[PDB]
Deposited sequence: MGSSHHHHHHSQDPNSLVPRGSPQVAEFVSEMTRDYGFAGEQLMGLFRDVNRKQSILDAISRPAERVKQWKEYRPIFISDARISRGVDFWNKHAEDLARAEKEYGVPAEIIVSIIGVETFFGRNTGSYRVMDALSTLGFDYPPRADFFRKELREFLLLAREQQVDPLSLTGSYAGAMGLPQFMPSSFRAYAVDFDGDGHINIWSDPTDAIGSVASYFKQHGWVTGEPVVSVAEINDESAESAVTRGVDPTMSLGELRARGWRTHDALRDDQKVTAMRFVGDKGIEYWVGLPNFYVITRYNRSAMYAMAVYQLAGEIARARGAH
């Protein structure tokens, strides 16, 4: 019914053959397990002390260094062309999929159709991503049922949503295909492109350890990841850490040895564009640091 509607829209607006599409959707399955996963209540709070070691592990650093050893030239080329550190690219791929170990259990078509048609709270968002998916599959001339992703439709080594693939992904080995699923070279350039296009500033720092004077300084801790003040204003609130005329966020983490205070600079905010969590972005940054250290970068 609404499927027929979506199909009419793809036919009228996007130039798709109605019959070809209906044949496609006959093969698509509704997955109850996806509706359950997206439905889940909030998980128990993890302190930084619990969250960090999920990502900063012997195995994850080892596999990251291995990934870099294997893709060293591609990584140097992406750093040069996009002005984003190699270690940040490697870290994103390590955090998202463990360098291609865990790239999602579903056909993208099943996930996006299940959510687009059968999950009211976010049906519009996923219906849009379904349309973007159909467009990218046509552009790349690949069978739409051949591509995998997470239960929420995120695809390949870097877990790009379909809309991000179309906006930001690149053919980084010049073969005329964009394959972020099994071509690490395209994945590497695609992550670098995403970061440059979300405002990464080449050569600027990302975070700084801080200490505070007084309990009153805790009032400046940022709610969420959007900055509300300059670093100079944050220093006036009693934080000690950099240029003062930049917008920063202020973090208070419960770490392995006690409370840690951190200042997030604009490049930190760029990382949170990938996933809007201060802990996520700190794990990406700290994992990048450890991998770069092991590489001698």
Could you list the ranges of the deposited sequence that have no C-alpha atoms in the model? 1 to 22, 264 to 266, 323
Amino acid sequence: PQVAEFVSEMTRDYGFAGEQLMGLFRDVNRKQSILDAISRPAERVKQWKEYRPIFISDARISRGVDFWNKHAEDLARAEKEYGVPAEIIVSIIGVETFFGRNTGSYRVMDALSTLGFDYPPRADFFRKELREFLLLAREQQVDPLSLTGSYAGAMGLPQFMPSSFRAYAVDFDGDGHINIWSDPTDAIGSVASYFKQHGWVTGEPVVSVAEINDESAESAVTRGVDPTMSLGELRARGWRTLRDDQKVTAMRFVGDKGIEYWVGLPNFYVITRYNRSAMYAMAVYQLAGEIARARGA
From here on, numbers count along this sequence of modelled residues.
Higher of the two mean Cα B-factors (250 to 258, 27 to 35; per PDB record) comes from 27 to 35
Averaging C-alpha B-factors over each stretch, which comes out higher, 266 to 274 or 54 to 62? 54 to 62
Out of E96, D74, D175, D226, which one has a C-alpha B factor higher than all the others in the entry? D175
Residue with maximal Cα B-factor (values as given in the PDB entry) among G149, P162, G189, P120: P120
Should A154 be placed in the lowest, middle or highest third of its chain by the C-alpha B factor in the entry? lowest
Considering only modelled residues of the same chain, in which third does the CA B-factor of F125 rank: lowest, middle or highest? highest
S91's Cα B-factor: lowest, middle or highest third of the chain? lowest
Can you work out whether the C-alpha temperature factor of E211 puts it in the lowest, middle or highest third of the chain? middle
If you rank the chain by CA B-factor, which third does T241 end up in: lowest, middle or highest? highest
